[PDB]
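Engineer: Adding 24 to a residue's 1-based position in the sequence shown gives its number in PDB author numbering. Sharing a structure, written as structure tokens. Questions coming.
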Amino acid sequence: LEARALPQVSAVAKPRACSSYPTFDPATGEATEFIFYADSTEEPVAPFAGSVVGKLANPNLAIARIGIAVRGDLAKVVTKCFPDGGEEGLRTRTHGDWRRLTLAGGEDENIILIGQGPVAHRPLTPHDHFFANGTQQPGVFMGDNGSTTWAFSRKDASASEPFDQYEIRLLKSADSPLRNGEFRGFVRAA
Numbered sequence: 025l026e027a028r029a030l031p032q033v034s035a036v037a038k039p040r041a042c043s044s045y046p047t048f049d050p051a052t053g054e055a056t057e058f059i060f061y062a063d064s065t066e067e068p069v070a071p072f073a074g075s076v077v078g079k080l081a082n083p084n085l086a087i088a089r090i091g092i093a094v095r096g097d098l099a100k101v102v103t104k105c106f107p108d109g110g111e112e113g114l115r116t117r118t119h120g121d122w123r124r125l126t127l128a129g130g131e132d133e134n135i136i137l138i139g140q141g142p143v144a145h146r147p148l149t150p151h152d153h154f155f156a157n158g159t160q161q162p163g164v165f166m167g168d169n170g171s172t173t174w175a176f177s178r179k180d181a182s183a184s185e186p187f188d189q190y191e192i193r194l195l196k197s198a199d200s201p202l203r204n205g206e207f208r209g210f211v212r213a214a
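Structure (structure tokens):
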């Protein structure tokens, strides 16, 4: 289990709507609370390791960022799809409200921002996964621009953040450059 090679998949974008998520509620038009999970990681990651609110190195980018906890039983922040906004965007319950999730965009630090201001950026999009023979890999995988492969950077507990976590960013392509200590994986919503 020391190093599992990444499954070669093709990601097909689903509609940015609550009906693309496995907790779809036709009664309310939204999807009930779900978690972002690490998936198919190159190094072993504890199962059920889910969403956590991490701090930004640049505090002026947004409120915070979404990471993946190391411990599988650490407290998880919940995310919902809200039909609000004409379109349909994801929102995480943190800092006293449901706050929008966005992607910073770009190559080096395409991260999931929480509560970003009126700045240009990219939408966090759900995807289907298909293997080379057309068989579907089960799950809803997050990404953008044809890419659903994320880089995981372990950041151990500090005085400000008393928990271990993986800092995640979206890779441009499959062969996008990795930084020191980073391994690849997917982010599944369930």
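The beta carbon of each residue, even a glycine, is placed where N, CA and C say it ideally should be.
Could you name the residues that DSSP lists as bridge partners for residue 202?
Structural biologist: As a working mapping, residue 202 is identified with position 178 in the sequence shown. Paired residue(s): none; residue 202 is not in a bridge.
Engineer: Looking at the secondary structure, which residues open and close the beta strand (DSSP E) in which residue 21 lies?
Structural biologist: The structure shown has nothing for residue 21, since the chain only spans 25 to 214.
Engineer: Can you tell me the Cα-Cα spacing of residue 57 and residue 120, whole angstroms?
Structural biologist: In the sequence shown, residue 57 corresponds to position 33, counting from 1. In the sequence shown, residue 120 corresponds to position 96, counting from 1. Using only the alpha carbons, I get a separation of about 16 Å.
Engineer: Where DSSP assigns a beta bridge to residue 189, which residues make up the other side?
Structural biologist: Here residue 189 is taken as the residue at index 165 of the sequence shown, counted from 1. BP columns for residue 189 point to 93, 179.
Engineer: Which one of 80, 210, 188, 81 has the shortest CA to CA distance from residue 149?
Structural biologist: Taking the first residue of the sequence shown as 1, we reach residue 149 at position 125. Among 80, 210, 188, 81, the Cα nearest to that of residue 149 belongs to 210.
Engineer: Judging by CA-CA distance, which residue of 198, 158, 175 is the nearest neighbour of residue 205?
Structural biologist: For the purposes of this step, residue 205 is taken as residue 181 along the sequence shown, with counting starting at 1. For the residues 198, 158, 175, the minimum Cα distance to residue 205 belongs to 175.
Engineer: Could you round the C-beta distance between residue 77 and residue 86 to whole angstroms and report it? I think they count as a contact, below 8 Å.
Structural biologist: As a first step, residue 77 is located in the sequence shown; it is residue number 53 there, counting from the start. As a first step, residue 86 is located in the sequence shown; it is residue number 62 there, counting from the start. The pair is not a contact, with the Cβ atoms about 11 Å apart (cut-off 8 Å).
Engineer: Taking three-plus beta-carbon pairs below 8 Å as touching, is the region 62-72 in contact with the region 35-52?
Structural biologist: With the cut-off at 8 Å, the region 62-72 and the region 35-52 do not touch.
Engineer: Would the region 129-141 count as touching the region 183-203 if we require 3 or more Cβ pairs under 8 Å?
Structural biologist: Cβ pair count under 8 Å is three or more, so yes.
Engineer: Taking C-alpha atoms, which residue in 191, 136, 151, 28 lies nearest to residue 93?
Structural biologist: Position 69 of the sequence shown, counted from the start, is the residue given in the question as residue 93. For residue 93, the nearest C-alpha among the options comes from 191.
Engineer: Relative to the C-alpha of residue 95, which candidate in 102, 61, 127 has its C-alpha closest?
Structural biologist: The sequence position of residue 95 within the sequence shown is 71, counting from 1. Checked all of 102, 61, 127; the closest Cα to residue 95 is 61.
Engineer: The beta strand (DSSP E) with residue 57 in it runs from where to where?
Structural biologist: Looking up residue 57 in the sequence shown gives position 33. First-last of the beta strand (DSSP E) with residue 57: 55-58.
Engineer: When you compare the CB positions of residue 68 and residue 30, do they come within less than 8 Å of one another, or not?
Structural biologist: As a working mapping, residue 68 is identified with position 44 in the sequence shown. As a working mapping, residue 30 is identified with position 6 in the sequence shown. Going by C-beta atoms, residue 68 is not nearer than 8 Å to residue 30.
Engineer: Going by DSSP, name the residue or residues bridged to residue 77.
Structural biologist: Mapped onto the sequence shown, residue 77 falls at position 53. Beta-bridge pairing links residue 77 to 90.
Engineer: Identify the continuous beta strand (DSSP E) that holds residue 35 and give its terminal residues.
Structural biologist: One-based indexing of the sequence shown puts residue 35 at position 11. Residues 34-37.
Engineer: Suppose the cutoff is 6 Å on Cβ atoms and the five residues either side in sequence are ignored; what does the same chain contact list for residue 34 look like?
Structural biologist: Start at 1 with the first residue of the sequence shown, and residue 34 comes out as number 10. Same-chain partners within the cutoff: 154.
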